[PDB]
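Note on naming: letters A, B, ... go to the chains in the order of the sequence lines (proteins, then strands), and numbering restarts at 1 for each one. Heavy atoms only: backbone and side chains are in, while hydrogens, waters and symmetry mates are out.
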Amino acid sequence: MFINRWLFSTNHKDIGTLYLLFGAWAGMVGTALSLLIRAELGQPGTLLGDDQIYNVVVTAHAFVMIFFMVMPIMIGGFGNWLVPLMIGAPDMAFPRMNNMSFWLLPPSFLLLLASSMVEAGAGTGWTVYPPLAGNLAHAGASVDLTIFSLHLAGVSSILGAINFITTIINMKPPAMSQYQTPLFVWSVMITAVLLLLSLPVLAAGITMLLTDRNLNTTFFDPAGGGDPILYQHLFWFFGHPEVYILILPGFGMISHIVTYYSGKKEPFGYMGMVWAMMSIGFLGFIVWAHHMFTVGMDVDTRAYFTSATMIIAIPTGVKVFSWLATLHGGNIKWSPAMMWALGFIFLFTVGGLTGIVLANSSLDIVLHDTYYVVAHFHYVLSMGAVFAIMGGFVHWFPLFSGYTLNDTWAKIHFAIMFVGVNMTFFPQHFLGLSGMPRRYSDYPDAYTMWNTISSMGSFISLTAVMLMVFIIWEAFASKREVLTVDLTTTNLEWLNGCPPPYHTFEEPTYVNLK
Amino acid sequence: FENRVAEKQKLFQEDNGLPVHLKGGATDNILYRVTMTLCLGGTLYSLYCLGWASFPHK
Amino acid sequence: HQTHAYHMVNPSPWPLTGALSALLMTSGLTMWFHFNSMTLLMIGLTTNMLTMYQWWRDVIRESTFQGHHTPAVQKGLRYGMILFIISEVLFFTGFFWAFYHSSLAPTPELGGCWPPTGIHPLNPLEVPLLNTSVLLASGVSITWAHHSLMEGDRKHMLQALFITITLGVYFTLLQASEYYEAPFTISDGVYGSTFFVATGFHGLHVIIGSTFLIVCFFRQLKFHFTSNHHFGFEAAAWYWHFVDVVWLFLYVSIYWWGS
Amino acid sequence: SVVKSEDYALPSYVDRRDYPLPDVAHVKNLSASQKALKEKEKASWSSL
Amino acid sequence: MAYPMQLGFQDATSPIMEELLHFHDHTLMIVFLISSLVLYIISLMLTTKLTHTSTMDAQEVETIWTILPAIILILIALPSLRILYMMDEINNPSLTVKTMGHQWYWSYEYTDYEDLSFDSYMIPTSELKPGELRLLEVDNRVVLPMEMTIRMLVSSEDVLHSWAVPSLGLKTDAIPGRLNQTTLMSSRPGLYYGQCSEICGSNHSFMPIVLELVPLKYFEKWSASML
Amino acid sequence: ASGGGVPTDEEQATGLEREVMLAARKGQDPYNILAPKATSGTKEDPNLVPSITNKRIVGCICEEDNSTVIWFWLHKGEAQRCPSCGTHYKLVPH
Amino acid sequence: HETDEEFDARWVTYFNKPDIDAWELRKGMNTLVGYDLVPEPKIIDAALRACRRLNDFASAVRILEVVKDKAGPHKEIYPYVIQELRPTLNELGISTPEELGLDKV
Amino acid sequence: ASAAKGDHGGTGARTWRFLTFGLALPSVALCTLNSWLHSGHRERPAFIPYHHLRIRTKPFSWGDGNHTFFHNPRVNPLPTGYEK
Ligand code: HEA
Ligand code: HEA
Ligand SMILES: CCCCC/C=C\C/C=C\C/C=C\C/C=C\CCCC(=O)O[C@H](COC(=O)CCCCCCCCCCCCCCCCC)COP(=O)(O)OCCN
Ligand SMILES: CCCCCC/C=C\CCCCCCCCCC(=O)O[C@H](COC(=O)CCCCCCCCCCCCCCC)COP(=O)(O)OC[C@@H](O)CO
Ligand SMILES: C[C@H](CCC(=O)O)[C@H]1CC[C@H]2[C@@H]3[C@H](O)C[C@@H]4C[C@H](O)CC[C@]4(C)[C@H]3C[C@H](O)[C@]12C
Ligand SMILES: C[C@H](CCC(=O)O)[C@H]1CC[C@H]2[C@@H]3[C@H](O)C[C@@H]4C[C@H](O)CC[C@]4(C)[C@H]3C[C@H](O)[C@]12C
Ligand code: CUA
Ligand SMILES: [O-][O-]
Ligand SMILES: [Cu+2]
Ligand SMILES: [Mg+2]
Ligand code: NA
Ligand SMILES: [Zn+2]
């Protein structure tokens, strides 16, 4: 029974639980790597070794946090648990293919760990640019294991995308149109479209890198008439959609959390929120070369990419203002999930705004490949995607488990993490403006004060991560069982109780057309 | 050829509690055991190979 | 007991064996490329084929033999296959982007020209034109097969589907011969790289699509399809048209315009 | 009085300042004296 | 170079870098204003017991908060793009210098007249002369004439690098098989420092750039002596 | 040309597919494929909600084009009202 | 959408329905408190008398509590509303929450 | 375009069989004739050891490391020229 249930699952809730456990374990790995980075940088000089060992750590940090922590938790975890419940569906469209999306990830992770154990690791950056990642400057198996890790993660997410799009289009109550589905469901549908279109292009590019490394092709090798910059285009054609894939389910969860703890039956401006997510999804495919403003592109192309990138502020601003308008007039419940969401609104806005600074190609000449970029993306990832993950985790933990967290401990946890991440990343704006490059194991002496502070911040975030583990333990240790949940009339995923039965909606909801 | 779908439908609808991947009979169990043995044994072998490849070899 | 029309699938081992086959194939390729050994790779390919065989076997059991493919379930499978084909289109799009990037801006190493100095392209009016006629013809014959099935005509469905498969096989044999006869190789700079990786993945898809048509042929021989319910045939036909259209883009881009 | 897990699909009581009149009474079962009190409530409240 | 506890950009050494400073000041004011407005509105939404929980009509206010950001974006894009096309304008250099990235050092070629080329390596920390800067000095500096328009061409003979000098506002990727161009004009004599800005392996952190800007006649005699 | 030999669904559909087919032919919808059409929803003319048990979840789209759906359990017994619009619903177990 | 007076009159009419039932009382009060206003005494008066017809003393007290709550920090609104309602409170024997000690935390 | 053909009324099996045998397979037959008719080996060109061709950055994982996968000795020179 244990094997049938947990290795042979065709159940959307159990598979969601598997993803949440996998992502939580990955998050510990990613946190350890982040502390190794900041230990190396926490005083001037060399701690671990030269830039190879250092950038194996950096590269793994990013791959783990992106592909094994955020995407599995948001899409595989909250998506599988919540999307069928929020539309009254009895499971996913392809419940057995869903299980393979999950089980491809431990092998993908094993391949990444293998890459770091063999030879000298893949010290390439998570972008894996040639020729550094090619077979002369990274001879041996490490980069190929990284490529294969990405292939498996890519198949996992492409099949998951097919599942989510099909489920959301095809398995709603027959009276429910797409404009009666909750915003989190919209956010997952749009994320899945982005995954479906972008990951095959990444797969193409990294396959070309694999054949340049092993079959004597020369897609990226000038000696054969290839071009390193072609790889960058193919990679970033995926890589910009990917950051919207990382935030969109977060936007969806933030909409639900802000609505719920404002005591509202609905988010402000629902069709504007749908429009904004679709607009962000579309614009996220036509901006990728803002990752390439220093590679030598023509000035008119730089002007186009500057302008197209900045436009995304308009739909994103509609979402931020609509969250504020959802708070407006609310009976505010100061729950831990609400604190995560409020921190999200503000700190995501800050990181979005430094992204608009970077969209200016003229200024990006000086900011590119410096810590100003690192600051931008950790405000939107460490204080955006992660805050939405934590908010959703604390909000829905009682649904998934049937047990309550201790809210005082959860608020303490939020407080520590909030201090930690801001102390880590705010000074990195100064380091960037003043010229500290990315992917350095050591820095000129002038940069010491802000690197010291930043590393001290990262230890505070470590203390928050350890405390999170204890808090989850305390909930399961005390076994306070949920009784009543408010606002079930507008939060259908709670209406089958906590935890819901293995099978829900065996009899579908009744929704008439009128 | 003659149409024998009806008899396959009787076989796979028999109320015997078997999951669909085993419901054809003993041949299913054999093919399942072969597949799973190759997968788990091959996975152990891949871990040995990682062990081997993780260290320098003169 | 349910009162919706969707399919609750029995707990299945094939997702796990498929995921493990992916681990064995990728670690196997690593072992082949770096440790001179094919062992893991052959295990992975074997368990992959076993997984696909038993998984799709079970889908046939669930539908033809157990009746779980209600119209709502079929509609989901239609969306699933369309979305899968879309992801395949985007995969090929990356290789076409590589081809146009390199051929529109030929670098000094090539002679600053396309085709590169020293490359002698195949004549697009010889075997490549023949293979174009072959896949176009197979698109006509698979349409005849489809209409024969809808009209309840077992013999002409089988005849037309057999002609389609024969053409798929003809294309593959022609392409194998042209690979052997080609005076350039995959190691002949970016011309060889783009030519063989793009047409190579296309050839893999022709083999996959031909295999899928052959599965449909044997299911049809066993009377699995009704005149109104035959999604596996529809999916194989959509996939087949996709393989035909990718070929037309390759022919125009790489064989003709790129010559 | 006592809320049970198996009651999750029934109308429930909540104290919320924006939902002043909840879907059920806090106490559903009445003792003899509480029954007499509900009867008395049918007469002038000045006499309570 | 950067100095301890620095908050913003290195002082401009070129007119283009001055333009970027003023454009950054303009954009950062907007960034501050919008961030602060959002923080303030959050606190405003959260500090009243008054409520209003019924359905709210959205149409009117979505005009405001689409059109206002559109206007703000245009107010950023206009000066942004002006500087972009300024940096692109034709200038007629007096001198062309090439730099080739390598693992892990830069070489320089000045071949307008004679075949002058040399390698430029980081000074090891153990060999710094007193008062010299850790990780920043090089053995052979890139001597250049001040107050003159210089064409820099950048490439690599191995992996990617990127040739940067923040106080001049310069960063041009170093790509094998590609010759990227940028222009350099220092308003002042002096020493101006940069660091490799594309990850390039084991000593990426340790291949810096030092420009030495001097009067033309000194540059000419230095050039002659380096043959 | 022409000829037969392909089974029809009438001949060979089985299991749930066949149940759905046969019910559709009788005009019935035991597997909830169609959206039910609303009554006037008064206490005299409540929406009638079939169920194979003694409670079922209702979703009420109170007004045309509302994006918010109001969800609640409908229990066997006296008709209940949507908490947002008051429209009446009554369970018909079978 | 309408004039204030039209709004208040609709709400007075709603609660004055003689055979208003318990569900409609609750629906009315729980809907009303969603608006950005403290209800006029004439509305509260009609709701209190509905409570009387429904033999529900407790809900009458609760309605007075929610008037105080909707005023927020405007401490002057609730004593004004009670002042305006004292003839009805006396006629119906409705004690205020303060008179019952229910304002104690 | 309407192509130049003509039918419909009903697109059906009979029409698609008509197209299969009357247009599609005759076209394949014609192209088969054209092709197996222009076959016959081309002169292999002089070998020139161009540096953008016969790339070897890593030995192939088969054979002696130096032969492509569908190496044809007649027309595929090695980096050092035609073999044997
Ligand atoms: C969750 C992840 C995430 C998200 C959502 C974003 C969102 C954005 N990013 Fe970010 N970015 C990354 C993750 C993300 N980014 C990562 C990982 C990298 C580095 C990749 C690497 O090299 O490793 C990166 C790099 C990156 C660069 C490359 C810089 C360089 O390498 O030199 C640029 C350049 O344009 C950019 C811009 C933006 C912009 C404009 C947005 C916009 O979407 C932000 C829009 C939001 C707002 C603007 C805030 C809310 C709006 C209002 C309150 C309205 C009013 C506002 C205005 C009028 C401006 N990003
Ligand atoms: C999601 C993405 C993500 C996240 C969350 C983080 C989080 C952190 N990152 Fe990282 N980082 C990247 C993605 C991310 N990073 C990327 C893409 C790069 C660029 C790589 C390259 O250059 O190639 C990068 C680069 C980068 C650098 C620059 C290295 C360089 O240029 O040399 C630094 C340095 O300080 C850094 C530090 C940190 C730190 C201290 C944190 C901390 O804030 C982490 C604190 C811990 C958490 C946030 C917990 C996470 C765990 C969970 C959420 C599990 C929760 C459990 C349950 C829900 C049950 N990161
Ligand atoms: C119709 C006839 C041809 C049909 C297709 C035949 C083979 C197809 C195999 C797979 C094709 C996929 C791409 C593999 C890349 C190269 C194969 C290209 C096609 C091919 O077969 O190229 C041959 C070289 O094969 C070589 O190097 C080595 C070939 C074998 C090594 C394969 C290595 C593994 C590739 C990795 C796949 C990664 C996939 C990831 C997908 C992720 C999607 C999410 C060309 O031979 P040549 O001697 O160089 O020149 C001819 C000279 N007379
Ligand atoms: C370097 C080498 C890397 C190699 C990595 C290989 C990794 C994976 C190993 C793959 C093993 C595959 C085993 C067969 C899987 C069949 C999936 C399938 O066929 O899934 C179907 C749904 O997907 C659908 O239709 C439509 C979707 C069908 C997808 C079929 C499988 C695709 C796997 C490869 C995808 C690559 C994507 C490439 C484009 C970038 C059915 O869904 P189920 O939930 O099962 O059933 C539902 C029941 O109602 C059916 O009665
Ligand atoms: C970046 C990409 C080339 C990728 C490649 O080198 O492989 C090119 C191809 C087509 C280009 C676009 C098209 O030329 C159309 C536009 C031309 C304008 O002058 C700049 C924007 C503009 C929208 C271009 C931006 C960019 O240069 C594009 C998208
Ligand atoms: C028409 C459509 C849906 C309306 C509905 O059917 O409910 C709505 C939803 C979101 C709306 C858009 C968003 O509110 C954002 C923009 C707001 C501006 O006031 C007009 C254009 C603007 C781009 C709007 C156009 C249009 O009214 C949209 C696109
Ligand atoms: Cu050279 Cu980094
Ligand atoms: O990517 O932003
Ligand atoms: Cu981007
Ligand atoms: Mg760079
Ligand atoms: Na260090
Ligand atoms: Zn309603």
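- With sequence neighbours excluded, no residue satisfies ring pair (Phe, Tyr, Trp, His ring centres under 6.0 Å) with E:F23.
- A donor and an acceptor atom, one from each side chain of E:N140 and E:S120, are nowhere located under 3.5 Å apart.
- Annotation: ring pair (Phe, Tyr, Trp, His ring centres under 6.0 Å) contacts of E:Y3 (sequence neighbours excluded): none.
- Checked against side chain to side chain contact (heavy atoms under 4.5 Å, CB included), E:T99 has the following partners two or more places apart in sequence or in another chain: E:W106, E:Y108, E:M152, E:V154, E:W163.
- No side-chain donor-acceptor contact under 3.5 Å links E:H102 and E:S156.
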Donor and acceptor N/O pairs, chain E versus chain D, under 3.5 angstrom:
from	atom 1	to	atom 2	distance (Å)
E:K49	O	D:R17	NH1	3.1

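- In this structure, E:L160 and E:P176 approach most closely via the heavy-atom pair CD2-CD, 4.2 Å.
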